[PDB]
Structures are given as C-alpha cells and as structure tokens.
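This report concerns only the one structure given below.
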Amino acid sequence: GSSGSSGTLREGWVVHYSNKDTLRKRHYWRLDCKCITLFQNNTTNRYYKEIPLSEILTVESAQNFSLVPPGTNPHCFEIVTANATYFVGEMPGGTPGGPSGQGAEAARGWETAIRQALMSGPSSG
C-alpha cells in the first residue's frame, strides 16, 4: 500500500468551546498524525495553540445542550480532555440573506479524522 505522509490530515475554519467559559474560539484548525495545531487565523505566521492527542481522553458526539441556549448553533463532537469538555462543531450564525448552504459534513469529517489521528494516543482497549 502507498506509504506516504503528505502532512496535515485535516485543515479548515473550526470553532470550539469548553464547559467553563464557553468562549467559542474560531480559527484554522489543523490536524496531524501527532497533534492538532491551531492557527488563530489563515494569514497568521505562527500557531495559536497545539492540541496534543495525548491530552484527549475520549471522543463523543454532541449530546449535551445545557451550556448553549436553545438559539445557538450546537456542536458536532466533544473532546473530553484533562481540563474540560470540548465542544467542536458549527458556528452560531443563522440568518436570512445570501445563504451559504454548507455546514453538515465539514464538521463530521473532523469527528472521524480526529479520532483516526488520535489512534496513536495511549487510548488502547
């Protein structure tokens, strides 16, 4: 089988938040075979922060909707870490006028991707 590692497994604007401050953070999320980099922006030269697959404890699907109100785009998947419950998914922006028509698979891809890359983590059953 083809043995080649191009690099970043996933890349794209993604928003996330914890269950403490709920400060949804939007930035170019970058996933790799080691960790998930975070670029505050696209133009930026450096990276905002780095999410080591090691930190991740477990990955679950959006089930808890107590944090955000009934009128705020929920999340796709949660990355239970050793600090707080992550909430990665869609961003709060539901309004008429020139609709984008996109926001379903984009997130899904991550749920799986992240899980795949995290396969390296010490999470072995």
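Ordering of the structure tokens sets the chain letters (A, B, ...); residue numbers start at 1 within each chain; ligands are numbered from 1 in the order shown.
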Segment 49-64 of chain A environment, 12 Å, only C-alpha atoms, sequence neighbours closer than 2 positions dropped, as a ChimeraX atom specification: /A:19,25,27-41,46-47,66-70,73-90,107-108,110-124
All residues 10 Å or closer to residue 94 of chain A, only C-alpha atoms, same chain fewer than 2 positions away omitted, as a list in words: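 Contacts, with the query itself left out: residues 71, 72, 73, 91, 92, 96, 97 and 99 of chain A.
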Residue list (helix (DSSP H, G or I), DSSP) for chain A, as a ChimeraX atom specification: /A:105-120
With N, CA and C atoms retained, write the just-selected residues as a tab-separated table (two decimals), in the first residue's frame.
```tsv
chain	number	residue	atom	x	y	z
A	105	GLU	N	-21.32	18.14	6.74
A	105	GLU	CA	-20.21	17.20	6.62
A	105	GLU	C	-18.92	17.81	7.15
A	106	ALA	N	-18.69	19.08	6.81
A	106	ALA	CA	-17.49	19.78	7.25
A	106	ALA	C	-17.08	19.35	8.66
A	107	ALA	N	-18.02	19.43	9.59
A	107	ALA	CA	-17.76	19.05	10.97
A	107	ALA	C	-17.59	17.54	11.10
A	108	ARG	N	-18.50	16.79	10.50
A	108	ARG	CA	-18.45	15.33	10.55
A	108	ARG	C	-17.04	14.83	10.26
A	109	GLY	N	-16.48	15.28	9.14
A	109	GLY	CA	-15.14	14.86	8.76
A	109	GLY	C	-14.17	14.90	9.93
A	110	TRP	N	-14.24	15.97	10.72
A	110	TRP	CA	-13.36	16.13	11.87
A	110	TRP	C	-13.59	15.01	12.88
A	111	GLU	N	-14.84	14.85	13.31
A	111	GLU	CA	-15.18	13.82	14.28
A	111	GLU	C	-14.42	12.53	14.00
A	112	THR	N	-14.48	12.07	12.76
A	112	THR	CA	-13.79	10.85	12.36
A	112	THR	C	-12.29	11.07	12.26
A	113	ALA	N	-11.89	12.08	11.48
A	113	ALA	CA	-10.48	12.40	11.30
A	113	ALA	C	-9.75	12.42	12.64
A	114	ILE	N	-10.16	13.33	13.51
A	114	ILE	CA	-9.55	13.46	14.83
A	114	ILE	C	-9.41	12.10	15.51
A	115	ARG	N	-10.50	11.34	15.51
A	115	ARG	CA	-10.50	10.02	16.13
A	115	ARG	C	-9.43	9.13	15.50
A	116	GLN	N	-9.29	9.21	14.18
A	116	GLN	CA	-8.30	8.42	13.46
A	116	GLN	C	-6.88	8.80	13.87
A	117	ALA	N	-6.59	10.10	13.83
A	117	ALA	CA	-5.27	10.60	14.20
A	117	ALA	C	-4.96	10.29	15.66
A	118	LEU	N	-5.98	10.37	16.51
A	118	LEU	CA	-5.81	10.09	17.93
A	118	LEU	C	-5.53	8.61	18.17
A	119	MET	N	-5.67	7.81	17.12
A	119	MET	CA	-5.42	6.38	17.22
A	119	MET	C	-4.06	6.10	17.85
A	120	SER	N	-3.13	7.03	17.69
A	120	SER	CA	-1.79	6.88	18.24
A	120	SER	C	-1.81	7.02	19.75
```
Length of the atom CA of residue 22 of chain A to atom CA of residue 48 of chain A vector [Å]: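 Atom CA of residue 48 of chain A lies at a distance of 17.8 Å from atom CA of residue 22 of chain A.
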Which of segment 13-120 of chain A DSSP labels strand (DSSP E), written as a PyMOL selection string: chain A and resi 13-16+25-31+35-39+49-52+58-61+75-80+88-89
Would you mind exporting the chosen residues as a short mmCIF file (atom, residue, chain, number, x, y, z; two decimals), in the first residue's frame, restricted to N, CA, C and O atoms?
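Just written: result_39.cif:
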```cif
data_model
loop_
_atom_site.label_atom_id
_atom_site.label_comp_id
_atom_site.auth_asym_id
_atom_site.auth_seq_id
_atom_site.Cartn_x
_atom_site.Cartn_y
_atom_site.Cartn_z
N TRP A 13 -11.48 26.21 8.88
CA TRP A 13 -12.03 27.02 9.96
C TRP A 13 -12.95 26.20 10.85
O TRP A 13 -13.95 25.65 10.38
N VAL A 14 -12.61 26.11 12.13
CA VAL A 14 -13.41 25.35 13.08
C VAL A 14 -13.54 26.09 14.41
O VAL A 14 -12.60 26.73 14.86
N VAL A 15 -14.71 25.99 15.02
CA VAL A 15 -14.97 26.65 16.30
C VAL A 15 -15.15 25.63 17.42
O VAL A 15 -15.72 24.56 17.20
N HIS A 16 -14.67 25.97 18.61
CA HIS A 16 -14.79 25.09 19.76
C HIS A 16 -14.92 25.89 21.05
O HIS A 16 -14.62 27.09 21.08
N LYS A 25 -14.07 29.63 20.21
CA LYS A 25 -12.88 30.14 19.54
C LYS A 25 -12.83 29.70 18.09
O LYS A 25 -12.81 28.50 17.79
N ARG A 26 -12.82 30.67 17.18
CA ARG A 26 -12.78 30.38 15.75
C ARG A 26 -11.37 30.57 15.19
O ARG A 26 -10.77 31.64 15.36
N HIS A 27 -10.85 29.55 14.53
CA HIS A 27 -9.51 29.61 13.95
C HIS A 27 -9.26 28.41 13.04
O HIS A 27 -9.94 27.39 13.14
N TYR A 28 -8.29 28.55 12.14
CA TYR A 28 -7.95 27.49 11.21
C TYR A 28 -7.40 26.27 11.94
O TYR A 28 -6.22 26.21 12.26
N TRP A 29 -8.28 25.30 12.20
CA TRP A 29 -7.88 24.08 12.90
C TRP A 29 -7.06 23.18 11.98
O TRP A 29 -7.46 22.90 10.85
N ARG A 30 -5.92 22.72 12.48
CA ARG A 30 -5.04 21.85 11.71
C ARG A 30 -4.79 20.54 12.45
O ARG A 30 -4.35 20.54 13.60
N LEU A 31 -5.07 19.42 11.79
CA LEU A 31 -4.87 18.10 12.38
C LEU A 31 -3.69 17.39 11.74
O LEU A 31 -3.44 17.53 10.54
N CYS A 35 -0.59 15.62 16.55
CA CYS A 35 -1.46 16.51 17.31
C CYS A 35 -2.28 17.40 16.37
O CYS A 35 -2.14 17.33 15.15
N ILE A 36 -3.14 18.23 16.95
CA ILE A 36 -3.99 19.12 16.17
C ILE A 36 -3.60 20.58 16.40
O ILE A 36 -3.95 21.18 17.42
N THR A 37 -2.87 21.15 15.44
CA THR A 37 -2.43 22.54 15.53
C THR A 37 -3.62 23.49 15.42
O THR A 37 -4.69 23.12 14.94
N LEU A 38 -3.41 24.73 15.85
CA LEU A 38 -4.46 25.74 15.80
C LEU A 38 -3.89 27.09 15.36
O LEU A 38 -3.04 27.66 16.04
N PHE A 39 -4.37 27.60 14.23
CA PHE A 39 -3.91 28.88 13.71
C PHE A 39 -4.98 29.95 13.90
O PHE A 39 -5.96 30.01 13.16
N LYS A 49 -2.35 27.70 19.31
CA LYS A 49 -2.10 26.67 20.30
C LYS A 49 -2.02 25.29 19.65
O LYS A 49 -2.36 25.13 18.47
N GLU A 50 -1.57 24.30 20.41
CA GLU A 50 -1.45 22.94 19.90
C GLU A 50 -2.18 21.95 20.80
O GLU A 50 -1.97 21.92 22.02
N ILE A 51 -3.05 21.14 20.21
CA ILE A 51 -3.82 20.15 20.95
C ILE A 51 -3.24 18.76 20.77
O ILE A 51 -3.52 18.07 19.79
N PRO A 52 -2.41 18.32 21.73
CA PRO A 52 -1.78 17.00 21.70
C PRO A 52 -2.78 15.87 21.91
O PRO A 52 -3.48 15.84 22.93
N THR A 58 -11.30 11.10 25.60
CA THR A 58 -12.34 10.37 24.88
C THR A 58 -13.08 11.29 23.91
O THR A 58 -13.13 12.50 24.10
N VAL A 59 -13.65 10.69 22.87
CA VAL A 59 -14.39 11.45 21.86
C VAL A 59 -15.84 10.99 21.78
O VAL A 59 -16.11 9.82 21.52
N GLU A 60 -16.76 11.92 21.99
CA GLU A 60 -18.18 11.61 21.94
C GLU A 60 -18.92 12.57 21.00
O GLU A 60 -18.37 13.60 20.60
N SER A 61 -20.15 12.22 20.66
CA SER A 61 -20.96 13.05 19.77
C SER A 61 -21.81 14.03 20.57
O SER A 61 -22.18 13.76 21.71
N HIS A 75 -22.88 21.94 18.90
CA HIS A 75 -21.59 21.41 18.45
C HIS A 75 -21.77 20.07 17.74
O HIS A 75 -22.87 19.52 17.71
N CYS A 76 -20.69 19.55 17.18
CA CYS A 76 -20.73 18.28 16.47
C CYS A 76 -20.23 17.15 17.36
O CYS A 76 -20.92 16.14 17.55
N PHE A 77 -19.03 17.31 17.91
CA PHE A 77 -18.45 16.30 18.78
C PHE A 77 -17.72 16.95 19.96
O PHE A 77 -17.31 18.11 19.88
N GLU A 78 -17.58 16.20 21.04
CA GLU A 78 -16.90 16.70 22.23
C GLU A 78 -15.59 15.96 22.47
O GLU A 78 -15.53 14.73 22.39
N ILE A 79 -14.54 16.71 22.77
CA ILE A 79 -13.23 16.13 23.02
C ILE A 79 -12.88 16.17 24.51
O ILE A 79 -12.12 17.03 24.96
N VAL A 80 -13.44 15.24 25.27
CA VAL A 80 -13.20 15.16 26.70
C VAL A 80 -11.70 15.17 27.00
O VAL A 80 -11.00 14.18 26.76
N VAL A 88 -16.67 21.02 19.78
CA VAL A 88 -16.36 21.38 18.40
C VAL A 88 -17.53 21.07 17.47
O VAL A 88 -18.08 19.98 17.50
N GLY A 89 -17.89 22.05 16.65
CA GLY A 89 -18.99 21.86 15.72
C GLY A 89 -19.22 23.08 14.84
O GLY A 89 -18.27 23.72 14.40
#
```
Separation of atom CA of residue 125 of chain A from atom CA of residue 8 of chain A in Å: 26.2 Å
